[PDB]
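Listed next as structure tokens is one chain, alone, in the form solved without the ligand.
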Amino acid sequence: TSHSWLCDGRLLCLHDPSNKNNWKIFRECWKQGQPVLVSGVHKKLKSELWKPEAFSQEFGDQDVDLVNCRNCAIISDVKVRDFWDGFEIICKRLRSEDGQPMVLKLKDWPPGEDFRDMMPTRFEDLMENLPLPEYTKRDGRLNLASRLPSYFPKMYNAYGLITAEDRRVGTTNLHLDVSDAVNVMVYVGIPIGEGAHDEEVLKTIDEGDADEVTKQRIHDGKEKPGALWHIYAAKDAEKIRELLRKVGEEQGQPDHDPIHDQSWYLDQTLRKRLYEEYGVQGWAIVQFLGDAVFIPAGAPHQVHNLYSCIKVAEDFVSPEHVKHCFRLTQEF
């Protein structure tokens, strides 16, 4: 079974998403609470379905709210095409008071459980090509999601954050989710209208603590980097809460939950600190076009888009983690 290791030997990378024997290798990492990466998923999909132009053409007239990733401001009652038309074409992006193009995220779209209903062909294309299908598919035999009683697909679409100032901002702030999930990068858009940003992208992953083999995927492989993830083991979540309670009190704090508050992005400062002061070393992961990231239930994580990303995630409930999922459901 074709695979290799990233993050200095600590992250499994599976290279063939439809290899039936994948579970054997996957499960050993997964039962220890490690995330897992599967590359090559884009090569299985119907490309034409996962274009920003197609999303604009087909659903542009819908009403939506957006989020400015730099200041968290909400842009109320805008149109879907406003987002998608500026995904790669910088001059088409909605502008702040100062007339500058904004780095934006599309909020709650599609809304509710409307994905399957709103996008049936995309739904079938994703689900027919998810890796580890017995775990990940709604009706997969190791997916307990639908098999349990009432006590246990989402898009993440946003532009990139490339500046030096941007490096301490999250596309999605540190949080955890209650079930297992797989997050697939189905499209990476390289924006035009400000010239090349390759060196900023590279300095951002380096400062994000990415390993040398991850960086060869750019230098040698010439792969298109989508997003930079930091993921932590579910067990390490309290040690991370402890750090953030303290740091927060150093600007005026309650015995509350910083991870649930989803207000923190761990920059290179706090990550060195979390490691030396709490022993906690996470996984710095660059998600390229076609990479599927498996995030264990309750494993805290944050995301920082480098370029413009179309991501689609499927939740599931594995036997290995079904106790976590139960315990996380009650606390949440």
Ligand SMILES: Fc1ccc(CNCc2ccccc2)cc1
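Throughout, we count residues from 1 along the sequence that is shown.
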property	result
Gap size, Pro254 back to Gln253 (deposited sequence, no coordinates)	1 to 3
Unresolved deposited residues in the interval that joins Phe152 and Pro153	4 to 9
Stretch exceeding the other in mean C-alpha B-factor - 182-190, 204-212	204-212
226-234 set against 92-100, stretch whose average Cα temperature factor tops the other in the entry	92-100
Per the PDB entry, maximal CA B factor within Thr136, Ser76, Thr171, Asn129	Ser76
Residue of maximum C-alpha B factor among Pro258, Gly195, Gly160, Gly86, per deposited coordinates	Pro258
Chain-relative CA temperature factor third for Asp177	middle
For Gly298, the third of its chain into which the C-alpha B factor falls	middle
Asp267 - Cα temperature factor, lowest/middle/highest third of chain	middle
Third of the chain, ranked by Cα B-factor, where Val64 sits	highest
Ranked C-alpha temperature factor of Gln57 among modelled chain residues, by third	middle
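The form solved in complex with the ligand is left out here; the points below concern that form.
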query	finding
Clash verdict for the ligand in the bound PDB entry, overlaid onto the shown chain (3 or more atoms within 2.4 angstroms of backbone or C-beta)	blocked
Touches the ligand in the bound PDB entry: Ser308 (any heavy atom, 4.5 Å)	no
Every residue of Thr1, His15 and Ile25 near the ligand in the bound PDB entry, heavy atom within 4.5 Å	yes
